[PDB]
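Undergrad: Chains as they are written, first to last, in the UniProt record's numbering: chain A, 15 to 119; chain B, 16 to 119; chain C, 39 to 136; chain D, 39 to 135; chain E, 20 to 103; chain F, 23 to 103; chain G, 33 to 125; chain H, 32 to 125. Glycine residues also receive a C-beta, built at the ideal position from the N, C-alpha and C atoms. The structure under discussion is supplied below as C-alpha cells; questions concerning it will follow.
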Amino acid sequence: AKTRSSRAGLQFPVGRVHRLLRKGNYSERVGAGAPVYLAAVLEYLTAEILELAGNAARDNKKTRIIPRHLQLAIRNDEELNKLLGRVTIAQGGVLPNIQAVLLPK
Amino acid sequence: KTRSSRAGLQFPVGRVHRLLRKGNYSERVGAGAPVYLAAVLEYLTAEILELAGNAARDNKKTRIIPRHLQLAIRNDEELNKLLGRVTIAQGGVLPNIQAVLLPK
Amino acid sequence: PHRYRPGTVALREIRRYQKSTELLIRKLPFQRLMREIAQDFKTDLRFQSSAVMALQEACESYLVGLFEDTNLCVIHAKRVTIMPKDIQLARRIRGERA
Amino acid sequence: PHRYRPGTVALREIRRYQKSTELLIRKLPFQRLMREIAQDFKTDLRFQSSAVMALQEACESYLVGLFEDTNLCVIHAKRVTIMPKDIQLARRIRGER
Amino acid sequence: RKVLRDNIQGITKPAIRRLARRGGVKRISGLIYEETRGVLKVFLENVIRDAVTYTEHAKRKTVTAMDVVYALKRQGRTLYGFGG
Amino acid sequence: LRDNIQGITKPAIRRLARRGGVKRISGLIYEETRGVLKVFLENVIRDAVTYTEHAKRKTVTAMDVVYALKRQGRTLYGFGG
Amino acid sequence: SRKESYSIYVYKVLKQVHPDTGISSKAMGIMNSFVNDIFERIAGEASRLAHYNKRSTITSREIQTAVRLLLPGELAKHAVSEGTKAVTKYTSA
Amino acid sequence: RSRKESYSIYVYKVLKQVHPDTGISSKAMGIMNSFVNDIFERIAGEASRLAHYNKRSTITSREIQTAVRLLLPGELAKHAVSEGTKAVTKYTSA
DNA sequence: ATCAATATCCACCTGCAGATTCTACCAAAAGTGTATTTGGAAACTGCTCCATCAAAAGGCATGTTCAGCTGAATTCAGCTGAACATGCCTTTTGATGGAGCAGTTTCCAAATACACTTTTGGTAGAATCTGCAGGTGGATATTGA
DNA sequence: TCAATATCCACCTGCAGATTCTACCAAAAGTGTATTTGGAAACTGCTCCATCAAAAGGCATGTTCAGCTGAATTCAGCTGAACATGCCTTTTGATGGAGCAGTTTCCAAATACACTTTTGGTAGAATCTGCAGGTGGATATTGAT
Ligand SMILES: [Cl-]
Ligand SMILES: [Cl-]
Ligand SMILES: [Cl-]
Ligand SMILES: [Cl-]
Ligand SMILES: [Mn+2]
Ligand SMILES: [Mn+2]
Ligand SMILES: [Mn+2]
Ligand SMILES: [Mn+2]
Ligand SMILES: [Mn+2]
Ligand SMILES: [Mn+2]
Ligand SMILES: [Mn+2]
Ligand SMILES: [Mn+2]
C-alpha cells in the first residue's frame, strides 16, 4: 500500500488533487498522470515562493514567515509578481518605493 | 412541440441544454435552466439587434454591419459596460475629438 | 522652536507607511460604512467578522493601489500634489470608466 | 499657392479615420512580421486566412485603444503632442507594466 | 439598532492621507478627500452587492468571508488570506 | 532590404493614432509604437501557437488566435467566438 | 455534424425587431461570438454558484443569480424578466 | 463534526525542505492555501478549456502541461514543466 | 561648516498570544477484479495555404518651410504641510442571549438512462438586391489679404 | 469683409458580390419508460454575530502660520505638420502543387465502476516559543546660522 505521492516522489497529495479534479467539473474523465503532474507543479510553485519568503524572513531577522514576507518575495520576483499581478495579499503591504522626483534636492 | 415553442422562444432550448450538459459545468442540469438561459440569450440578442437596427437606419442602411453593432454597443451605457472588454472586429471607434484639440 | 520644512514629514510618513502593513482606516468607522451600504442594498444582513476584514483589506489595497497610479499621473503632469483630476485620469485609463 | 495650417489636416484625418473601419496597417508587411515572430515559437507554421485577419484586427484595436489612453495623458499633461513617456504612462497604469 | 447615516465621513482626512502615503503620494490637494470617499463608496457598493448576492443565493442571512472573496474574484481583484 | 517590424510604417502608425484621436505625434513615437506592437504580437502569437501545438497541428487557426486573445483579456468577436 | 452556429436564431429575432432589416455575414459572425460569450459567462458563473453551494445541478435559480451578477442593472432586470417568463410559460402549457 | 481540508501539512513539509529553520504564521499559511487553490483552479480551468477545444473528454498530464505553459511565465514554466514531467515518468515506473 | 533638535536604529529583555506537537478517529485514498471507452495509428481526401507571376497603383519615403507647441525662466498668490492644544471616539476586554449556520435523516419530485421515432438545422445550389464607388453641381470651411 | 482653394455633401446611377431563398439528408431533439438521486423539509446541536458596559489614551479635529508649489505669462528655439516629388512595395488575381486538417476503422491501453480494506488528515488537547512591546543609548538626519 504505497501512496501515489510517494510513487510520484511528491510531498503534495496526489490522491487529493485527483479527487479535486474529478469533483471540479473540468472534464468527463481524468487521466492518472494529470493529478500527478498538477500536484508536482503546485509543489514546485509553493517551494519557489516559500524559498524567497524564507529569505525575506531571514533578511528581516525573523524566523517565522508572515504575510509581509510573502509580499516582498512575490513583488521582488519578476515572475511571481507577473503570475500574481492581480492578487492581493492580505496584510502584505507594499514594496517600499518613493519616486525620485519626490525626494529633496 | 419543441421546448422552444413551448417556452415561447426563437432560441434553441434543446441546444442550450445539450451545450450545458456537455460543457462540463455541473453533474446535472435542471429542466428550466436551458429555457431560462435561452430566454436570456434571446433577450440580449434582441436588445443589440434593436439598437443596431436603429444604427443602420440612421445611416440610410437596411443591412446591419459590424460598424452598426459597434455604434449600438458603445453608445449604450449598459451594453458598453457588458462588452467593455470585447473588441468588435471591423467595428471601428465612436467618432470623438477632445475639445482641447479643436481650433477657433 | 524647531520646524521641519514642508515635505520632510510627508516623506517620513511615506517611508513609514510603506514599511508597515496594518490597516490604515479605523476599524469601527469602516464597519459602519459597510453596514450602511449593505443595509441600503438588503436589510437585516449579518456579517462574519472575517468578512468585514476581507472587505477592509480589499478596500485599502484598492485605494493604495489607486494612489500609486494617481501618483504616476501627478509626476507625469510635472506636479507633485495629487488632484481629483489625477485620480480621474487613473480610473479612466484603468478602465473603471474608460 | 494654398496651404493648410498645421493641425487642420490632422483634425481632418481624425474625423476620417474615426469614421472608417478598414485595417490601417498594410496587410503584407503585417503578415511578414507575424510569421517572423511566430517562427521563433514553432518553425514551418501555416496560417488560416482568418487567423491572420483576426490577429491584425486585435493589434489595431489594441493600438488605437492605447493611443486613446495616451492622448488622455497628453491632454492631462496640458500638452497636445503624444510622446513615448505618454504611451509608457498609459501602459503602466493599465498594468501591462 | 439606530439609523446609520453619513458614515462615509468616518473615513477621515488622516486615514486617506495615510493611504496616499503607503501609495507614495507626497502632497495632497484639499479636494482629494471627497473624491476618495466617492471612489471608495463606489468600490464598496459593487463588492457589497455581489457579495450579498452570493449570500442571498445560498439562502443565508450572514455574509461570509467567502462571499466577499467570490465577489472580489468577480471584479478581477483576487484576495488571498480568508479562504477557510 | 529592411527589418520586418520597420515594415510597420510611420504613416500607418499615424493612421492608428488618428483613429485614436491623437492630433500631434512626436518623432519618437514610431520606434516606441513598434516595440509595443512587437511585445503584443509576441504574447498573442506565443499563446496561439501553444494552442496550435497542443492540437498537434501545423496551422494556426483563427480559433487559436481567439483563445489566445481571450486569455490575454482581449476578447474578439467575429472569428468563431 | 459540421459547424452549428446561432445564425438562424439571431435572424429570426432580427426579423422580429426589424422585419425590414438584414445582416451582413461579418455581422452575423459578431452576433455568434456574442451569444457564445454571454453563454459561457452565464454558464460559467452558474457553474461556480452551484460549486460554492455544494450543489451538483444547475437550475434556473443558478442561471438567474448568474445573470444578476453578470448583467448591468437594467439589463439584468429585463433578462430576469424574460427568463422567468419563459420558464413560467414552459411549465404551464 | 464538520471537517475542512487544507494544503497546510504539505505546505509545511515543503517549507521544512527549503528552510529547515523557518516557521510560518497561520495568517501566512492562510495566504499559501489561497495561492495553491488559486493556481490549481487556473491550471485545471485552462486544462478544461484545452480539453474542450479539442473535443477530448479527458484531461491528461498533457493538458496540465499546456495549461502550465500558458499560465506561468518564463523560467517558472520551464521549471514547473520539468518537475511535472519528472514526477509523471517516475510515477509510471510502477 | 558646524551644532541643537529630533527622529531612527540596534541590541538586550521576557512573558504570552500563537505556533508546534501529540493523539484518536474515520473520511477517503489505495487495492482488486470487471465492464467500458478514448483517442491514437495508419491510409485517404479535398481543402486551404504558400509560391510564383506580373503587372499597375496607390501609398510611402524624401527634403523644404515654417507655424506654433513645448520647455525654460520668472512671478507670486494662496493652498496645503507642520506643529499644537483639546478631548472625543475607537479600541480592548468580557460576558451573553439567540439568530441562524450546519449536521442528520427521511424521501418525493425531478434528472438521468436508454431505445426509438421524428424533425430540424447544416449544406451545396439557385435567384435577387443593397450599396459601393463614381459622377456632378452646390454650398462649406479654410486661409490669405 | 472679399476671393480663391479645396473640402464636404447630396442626389442619382448601375452592377458585382454577397444575401436571401430553395430543395434534401444525417444527427440531434422529443418521446415514453424505468430507474436513481439531489437536495428541500423538519428537527436540532451549538458556533458565532450583535450588543452592551467601561475605561483609557491613541488620534481626529481645528487653528495658526508661512514655505514653496501650481497657475500665469512670456519667449524663442526647433520639432513635427503640410506638401509636392519620384519611386517601388503592396495589392490581387489566377494557377497550381501539395501540406495537412478531418475522417475512418480498428482496438490495446487507459478509465471508470462497485466494494472492501487501509491509512493519512483533521480536530482539538497539551506543549513549546518567536518576537511584540519596552527602554536605553548609539546614529544619524534636518535645518537654522
Ligand atoms: Cl495522464
Ligand atoms: Cl431547473
Ligand atoms: Cl482637479
Ligand atoms: Cl518621451
Ligand atoms: Mn534551503
Ligand atoms: Mn428544416
Ligand atoms: Mn456612397
Ligand atoms: Mn441522497
Ligand atoms: Mn513650481
Ligand atoms: Mn519663431
Ligand atoms: Mn497514521
Ligand atoms: Mn520590537
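Is the beta carbon of residue 122 of chain G closer than 9 Å to that of residue 22 of chain B?
TA: In this structure, residue 122 of chain G lies closer than 9 Å to residue 22 of chain B by Cβ.
Undergrad: Would you mind stating whether residue 88 of chain A and residue 66 of chain A have Cβ atoms separated by less than 9 Å?
TA: Cβ atoms of residue 88 of chain A and residue 66 of chain A: closer than 9 Å.
Undergrad: Measuring alpha carbon to alpha carbon, tell me which residue in H:57, H:90, H:116 is nearest residue 58 of chain A.
TA: Closest by alpha carbon: H:116.
Undergrad: Could you name the residues, in chain order, whose CB is less than 6 Å away from a heavy atom belonging to ligand 1?
TA: Result: A:45, A:46, A:47, A:48, H:91, H:92.
Undergrad: Determine the extent of the alpha helix (DSSP H) in which residue 52 of chain E is found, giving its start and end residues.
TA: First-last of the alpha helix (DSSP H) with residue 52 of chain E: 51-76.
Undergrad: Report back the beta-carbon spacing between residue 49 of chain G and residue 45 of chain B to the nearest angstrom; my notes put them in contact at under 8 Å.
TA: About 29 Å separates the two Cβ atoms, so there is no contact after all.
Undergrad: Within 9 Å (strictly less), CB to CB, does residue 67 of chain A reach chain C?
TA: It does not; no Cβ of chain C falls within 9 Å.
Undergrad: Starting from residue 99 of chain E, follow the beta strand (DSSP E) in both directions and report where the run begins and ends.
TA: Where residue 99 of chain E is concerned, the enclosing beta strand (DSSP E) stretches over 97-99.
Undergrad: Can you confirm whether residue 25 of chain F, when its beta carbon is compared against all beta carbons of chain H, has any partner nearer than 9 Å?
TA: Chain H contact via Cβ: absent.
Undergrad: Decide if residue 96 of chain F is buried, meaning its Cβ has at least 16 other Cβ atoms within 10 Å, or exposed.
TA: Answer is buried; the Cβ neighbour count reaches 16.
Undergrad: Can you pull the chain E neighbours of residue 95 of chain A, defined as C-beta to C-beta under 9 Å?
TA: Neighbours of residue 95 of chain A on chain E: none; closest Cβ ~14 Å, over 9 Å.
Undergrad: Just reading off the beta strand (DSSP E) that residue 102 of chain A is part of, what are its end residues?
TA: Residue 102 of chain A -> beta strand (DSSP E) spans 101-103.
Undergrad: What three-state label does DSSP hand residue 76 of chain H in the structure shown?
TA: The answer is helix: DSSP assigns residue 76 of chain H an H, G or I state.
Undergrad: Which residues mark the beginning and the end of the alpha helix (DSSP H) in which residue 67 of chain D is found?
TA: Here the alpha helix (DSSP H) through residue 67 of chain D covers 65-76.
Undergrad: Going by DSSP in three states, residue 118 of chain D sits in which element: helix, strand or coil?
TA: Coil, per DSSP.
Undergrad: Look at the Cβ atom of residue 103 of chain G, then the Cβ atom of residue 93 of chain B, and state whether they are nearer than 9 Å.
TA: Closer than 9 Å, so yes.
Undergrad: For residue 69 of chain E, count neighbouring Cβ atoms within 10 angstroms of its own Cβ and tell me buried if that reaches 16, exposed if not.
TA: Looking at its Cβ environment, which holds 16 or more other Cβ atoms inside 10 Å, residue 69 of chain E is buried.
Undergrad: Can you list, in chain order, the residues of the region 65-76 of chain D whose Cβ is nearer than 9 Å to any Cβ on chain F?
TA: Of all residues in the region 65-76 of chain D, 66, 67, 68, 70, 71, 72, 73, 74, 75, 76 have a Cβ within less than 9 Å of some Cβ in chain F.
Undergrad: Which residues share a DSSP beta bridge with residue 79 of chain A?
TA: The partner list for residue 79 of chain A (beta bridge, DSSP) reads H:55.
Undergrad: Residue 83 of chain F to residue 92 of chain C, Cα distance in whole Å?
TA: If I take the Cα positions, the gap works out to 43 Å.
Undergrad: What residues in the region 75-107 of chain G bring their beta carbon closer than 7 Å to a beta carbon of chain E?
TA: Listed by position, the residues of the region 75-107 of chain G near chain E (Cβ gap below 7 Å) are 81, 84, 85, 97, 100, 101.
Undergrad: So who's on the other strand from residue 21 of chain A, going by DSSP bridges?
TA: Note: residue 21 of chain A sits in no beta bridge, so no partner.
Undergrad: Within 9 Å of any Cβ in chain D, is that where the Cβ of residue 128 of chain C sits?
TA: Yes, contact with chain D.
Undergrad: When DSSP labels each residue in this structure, what does residue 71 of chain H get in the three-state scheme?
TA: Three-state result, residue 71 of chain H: helix.
Undergrad: Is DSSP giving residue 85 of chain C helix, strand or coil here?
TA: Three-state result, residue 85 of chain C: strand.
Undergrad: Can you tell me the Cα-Cα spacing of residue 78 of chain G and residue 94 of chain G, whole angstroms?
TA: Going from the Cα of residue 78 of chain G to the Cα of residue 94 of chain G covers about 5 Å.
Undergrad: Buried or exposed: residue 71 of chain C, going by 16 or more other Cβ atoms within 10 Å of its Cβ?
TA: The residue in question, residue 71 of chain C, is buried, as its Cβ has 16 or more Cβ neighbours within 10 Å.
Undergrad: Considering only heavy atoms of ligand 3, does any lie closer than 8 Å to the CB of residue 123 of chain C?
TA: Flag set: Cβ of residue 123 of chain C near ligand 3.
Undergrad: Is there a Cβ of chain G sitting closer than 9 Å to that of residue 83 of chain F, yes or no?
TA: False, the Cβ-Cβ gap to chain G never drops below 9 Å.
Undergrad: Could you tell me if residue 27 of chain A is buried or exposed, where buried requires 16 or more neighbouring beta carbons within 10 angstroms of its beta carbon?
TA: Counting Cβ neighbours within 10 Å, residue 27 of chain A comes out buried, since at least 16 surround it.
Undergrad: Run through chain C and tell me which residues come within less than 8 Å of residue 111 of chain A, C-beta to C-beta.
TA: Those are 56, listed as they occur along chain C.
Undergrad: Please name the residue, chosen from G:35, G:42, G:72, that lies closest to residue 54 of chain G on a Cα-to-Cα basis.
TA: Closest by alpha carbon: G:42.
Undergrad: State yes or no: is the beta carbon of residue 82 of chain B nearer than 9 Å to at least one beta carbon in chain F?
TA: It does not: the Cβ of residue 82 of chain B has no partner Cβ on chain F nearer than 9 Å.
Undergrad: Do residue 67 of chain C and residue 30 of chain E have their beta-carbon atoms positioned less than 9 Å apart in this structure?
TA: Yes.
Undergrad: For residue 90 of chain G, name the three-state secondary structure that DSSP assigns.
TA: Residue 90 of chain G falls in the strand class under three-state DSSP.
Undergrad: Thinking residue 84 of chain D and residue 80 of chain F are a contact (beta carbons under 8 Å), I'd like their distance in whole angstroms, please.
TA: Right, their Cβ atoms sit about 6 Å apart.
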